[PDB]
Ligand SMILES: COc1cc2cc(c1Cl)N(C)C(=O)C[C@@H](OC(=O)[C@H](C)N(C)C(=O)CCSSC)[C@@]1(C)O[C@@H]1[C@H](C)[C@@H]1C[C@@](O)(NC(=O)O1)[C@H](OC)/C=C/C=C(\C)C2
Ligand SMILES: Nc1nc2c(ncn2[C@@H]2O[C@H](COP(=O)(O)OP(=O)(O)OP(=O)(O)O)[C@@H](O)[C@H]2O)c(=O)[nH]1
Ligand SMILES: Nc1nc2c(ncn2[C@@H]2O[C@H](COP(=O)(O)OP(=O)(O)OP(=O)(O)O)[C@@H](O)[C@H]2O)c(=O)[nH]1
Ligand SMILES: [Ca+2]
Ligand SMILES: [Mg+2]
Ligand SMILES: [Mg+2]
């Protein structure tokens, strides 16, 4: 009844977006043709959150695929579940963005944005009660970073009373050698802090470090990183997709997770992280720095709010005891002026391949470590005005780079403020 | 005594009615203040979004001005 | 005559309504299709159970109740559930978008869109009444609908029904089963707004019910189902004087006279016994003396607080089942001797007593043992103010930093409403101190 509209923009956005749909389709018992062959009615209880129902009991993802490059469309379309998507929901240009945020936001993407919006409107018009939108994209590119933030602003114009959620992929020199990624990222964050209600920070730096150090993969591929992302995205949307009490919709999540409107950048976490458990162990790991999908140490800041999601058949008594154990033993890392800020949900349905897992969503002031890293890479190039001509060539001004830098620095300060805050 | 008896019951009526009245007024005032505040919050949000559109037009205008030169 | 309309608001209100009405039906011998073989007067009557049940010509006994929630999933389960036949569809009212644990959305944004419809349906029930006594409102403090819509409804009911009696059953939040960080906000806001529109309010601390289920019923991790089945027994004990009648029966309104010394001091503490499992109750006769003693053990209270550290303004005992006045008087005499029950100096110390001969009932599959005799104590103690103090403390910690306040402002509310509500609460805590002070 409460429908979410999915949007995936750019190469990264579509890649992780596709994997996301593959994973939950399996969980809900949907096949690539859109037919249901499942074993539990819990799968279809809240299927209308992500799936439209068509003739012949076919389930179609309420998904919109976007890119200024037509290559992405074919790859998805000829993918495993490529035939599940709605053909008319494919929207694409030809010229590409070429890692230029200005092209995606003001020039090339601005030409294409209207045709995307038309598809959004058609999906939303058919919603019994649209709760909001979720976007998958990267902040390092130009389409996902530039056109994605544009789409957000335009969608917010027509649905200002709906929740805007984003799965933003952060750039890292360890995965990508494109040097202007700190420019594109900072310019994107400048938009996200103003026009999104809740942003999951997917850090490629953290995805790489996990694959290399923990999973012990010498040369991690984009497919190795996305395996983590899909497992995370499946976890943080568990409460939305299955019958439950806690954070069952996007707005209730936002109310529990966002104490101040700007501070809505979450640090997701997952457990177990494994490639070729007890409830206490699950709980330990999900709060471990080695299990965070953002390159931040939570012990270098304080938790404003936390949403924990346990999946699988287990003892809820044990979960309740352990979650209390963590908060008491690590009370210094939870702000005291927000009582009972850690909420816990338990879903009986485990993800594919696992007996039981744990998904963590934290609003930590330690997220500033992530923004500080980008700011350091950004300023190193901006102080010398490097590669700026490609952006100003599209009509941008230098002052817009200044403002984005400043606003991002402000966000950091604000996280530090509430980190240093006390009750007395 | 009879006059006092009348004065008591009509005082009870008067107080019950004044309660109903003030409750009705308090509520209508609250629902009106809330309506104006929420609309103003939304109006300001769009006002900021519409200045982003204006800014975007200046960017595309500035590009066109840089091109031929 | 003396009809009583029940209004169940939000998830907690509705699901507790399910428990209560299921229990009422079993107590009166009413089937899920509304039929009642023992009732020989078809189409109507003026028996005691008719205060809670109306009657159709077809012999159907219909709850004088309305169910309201701003989203449909919780009430849909009533519509398709075991007792779907029991209610007329127009008694079950639903929206599409809930209040998202926000008082503002419940009272204003979303609530305003359905309030008129609800009042119309309530009016339809009122028109069936020959002598309407008042309303019983079931709701949570923490939910957006339970807090916001309830306050809106209570305000509106005072307008449309003047000073007709309005009683509350309010679910006070507990972290073990809470679903929102801002429940302290929703709690203080709804308590402030409803205070002058409510005549009497029975608070149910979920943590108290949670503990009782864990300790006395050996339930490892209680569910809402566990909590609700215990709450319904307490609600049943309180309404039993309205639904049944006997020589020794004392109407709830008489207790209310003793329980409310000032309009704002209208929050009675409830204590119920015996809460005991079937395993433990086997070959265990719980006497009138034993269950009455249990009423003064704080572990059995509906609200976590310490009456030993406060003063009493009233003490009511609502017995049901195999209980005679002789045993009761003996048990009280023992208690007055053994326990130090300290009253304020401006109230008499005598306990008011009521007895319904109909014994307690239990629902199948429940954990409560079916006992021959039960009791519910309704006391007015200054100790109840502890529950305000805990909530008010949590409110202050967040509001000092204005945490989450933007969610309320964005829906049209002002910070003035927060400070105004908190001040009323501060005045209320102070009122409870003042009544406890000895006279000059
Ligand atoms: C030593 O100087 C350099 C020279 C060149 C690239 C770089 C450096 Cl440092 N690198 C590593 C950068 O990250 C800057 C730019 O990156 C890329 O365009 C990506 C990474 N790419 C596909 C290649 O570099 C090809 C391999 S050359 S190895 C040195 C980039 C993104 O910053 C520019 C702007 C923002 C882009 C360039 C372009 O892609 N399109 C556009 O409009 O803006 C444009 O038109 C399609 C193409 C750009 C290609 C060049 C300018 C080559
Ligand atoms: N984790 C993950 N990151 C990816 C993937 N594909 C691309 N990225 C990252 O995304 C960032 C931006 O690149 P893209 O998303 O491909 O750029 P785009 O959104 O398609 O925009 P344009 O290429 O300019 O049209 C880079 O830093 C990549 O590291 C992916 O499959 N998984
Ligand atoms: N005792 C008891 N408490 C409940 C029950 N359901 C919810 N609660 C409590 O109610 C509070 C949340 O309010 P809800 O009733 O769930 O929310 P609501 O009234 O539907 O309002 P919305 O925000 O619009 O959903 C929490 O503190 C819960 O612990 C129940 O069935 N029994
Ligand atoms: Ca009859
Ligand atoms: Mg691309
Ligand atoms: Mg609800």
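Residue numbering for chain A follows Swiss-Prot; the residues present correspond to positions 1-276, 284-431, in that order.
Header lists the method as X-ray crystallography, 2.5 Å.
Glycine residues also receive a Cβ, built from the backbone N, Cα and C atoms like all the rest.
With A:11, A:69, A:138, A:142, A:143, A:144, A:226 listed by Swiss-Prot as binding GTP, the candidate from A:204, A:247, A:256 annotated for that site turns out to be A:204. Residue ranges A:1-4, A:5-8 are listed, and Swiss-Prot annotates A:1-4 among them as motif 'MREI motif'. Sequence-distant neighbours of residue A:204 (GTP binding site) (same chain, 6+ apart, CB under 8 A from its CB) are A:140, A:169, A:170, A:171, A:172, A:174, A:175, A:176, A:225. Residue A:144 (GTP binding site) sits 43 Å from residue A:324 (ubiquitin cross-link), taking the Cα positions as reference. Across A:11, A:69, A:138, A:142, A:143, A:144, A:204, A:226, which the record gives as binding GTP, the greatest C-alpha separation is 22 Å. Each residue in the motif 'MREI motif' (A:1-4) gets a DSSP state, and the totals come to 0 helix, 1 strand, 3 coil. Between the CA atoms of residue A:11 (GTP binding site) and residue A:285 (phosphothreonine) there is a gap of 38 Å, rounded to the nearest whole number. Reduced to three states, the DSSP call for residue A:290 (phosphothreonine) is helix.
If you measure from the Cα atom of residue A:143 (GTP binding site) to that of residue A:40 (phosphoserine), you get 39 Å.
When the recorded positions A:55, A:58, A:69, A:138, A:142, A:285 are screened for a C-alpha within 10 angstroms of the C-alpha of residue A:40 (phosphoserine), no residue qualifies. Proximity to ligand 5 at the level of Cβ atoms, with a cut-off under 6 angstroms, picks out A:69 from the recorded positions A:40, A:69, A:138, A:226, A:290, A:318. Cβ neighbour counts within 10 Å, taken over all protein chains shown, single out A:143 as the most crowded of the recorded positions A:138, A:143, A:285, A:290. Closeness to ligand 2 is met by A:226, these being the recorded positions among A:40, A:55, A:172, A:226, A:290, A:318 whose Cβ falls under 6 Å from the molecule.
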